[PDB]
Each structure stands twice: as C-alpha cells, then as structure tokens.
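Enquirer: one piece of my complex first, more on the way:
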Amino acid sequence: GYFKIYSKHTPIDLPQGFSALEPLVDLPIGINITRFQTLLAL
C-alpha cells in the first residue's frame, strides 16, 4: 500500500556511468496500480 519514489538529477544515448538514486518521498496512498501515463507541457 506504499508508493515509493527515488530520484536523481544529473547535468549531462544514455550516458555510461554509475549514479545511485536516493529516496525522495514515501506515501501510504494504498490504491491498486496497473498502468501509467506521462504528461507534457505544450
């Protein structure tokens, strides 16, 4: 029932390198999730 989000930001074909993603937010939203979609600003 917990939605966990880890994030990392880097100022740069994905680059070849190692970077560890630290935790950002942990939320007890608790709903069921099966698919997802993205939003753009245009």
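Expert: Cool, got the structure. Numbers count the residues shown, from 1 in each chain, chains lettered A, B, ... in the order given.

Enquirer: who touches residue A:1 in this structure?
Expert: Contacts here follow CB atoms under 8 Å, 6 or more residues apart in numbering; on that basis residue A:1 touches A:28-30. Yep, even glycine has a C-beta here, placed from its N, CA and C like the rest.

Enquirer: Would you confirm that residue A:3 contacts residue A:29?
Expert: Yes: counting by CB atoms under 8 Å, residue A:3 does reach residue A:29; the two are 4.9 Å apart.

Enquirer: Now for residue A:20, how many residues are close by?
Expert: By the criterion of other CB atoms under 10 Å, residue A:20 has 6 neighbours.

Enquirer: Identify the residue spatially nearest to it, adjacent ones excluded.
Expert: residue A:8 (7.3 Å; CB to CB, 6 or more residues apart in numbering).

Enquirer: Go ahead and add chain B:
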Amino acid sequence: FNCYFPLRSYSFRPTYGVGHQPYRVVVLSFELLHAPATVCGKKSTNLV
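Expert: So, slotting chain B in with the rest:
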C-alpha cells in the same frame, strides 16, 4: 386534510428549561481498514 410539513422548528429561547436548551453534539466514529494506520495519537523523554 392529512397533508402536513414534517420539518418543525426547535425555536430555542434563553427562558426555556434545562432540557429545552440547545445542546450541541459531536460524534466520532473510528474505522480501521487495509490502510497503513495513517492517524495515531507519542511522549518522548529527554535523552541522557
């Protein structure tokens, strides 16, 4: 005939009896579900 308006007024007044004065009520109901107990009541003592 036989038709009335079921909503009647309480008509509170300061000169009424103890039982005829308005007494606000607040009811709390507690629900426990399949959620990670997001509401809780925690005392912490000073450290040594």
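
Enquirer: ok chain B is loaded, check the neighbour count of residue A:20 again?
Expert: 6 (other CB atoms under 10 Å in any protein chain shown).

Enquirer: how about residue A:23, secondary structure?
Expert: Put simply, residue A:23 is strand when judged by DSSP: H, G, I helix; E, B strand; the rest coil.

Enquirer: what does chain B put close to chain A?
Expert: B:34-36, B:38 (CB under 8 Å from any CB of the partner chain).

Enquirer: Could I get the contacting residues of residue A:42?
Expert: With contact set as CB atoms under 8 Å, 6 or more residues apart in numbering or on different chains, residue A:42 has no partners.

Enquirer: Residue B:22 contacts residue B:11, doesn't it?
Expert: No: the criterion here is CB under 8 Å, and residue B:22 misses it with residue B:11 at 10.4 Å.

Enquirer: show me where chain B has strands.
Expert: Ranges of strands in chain B, per DSSP state E: none exist.
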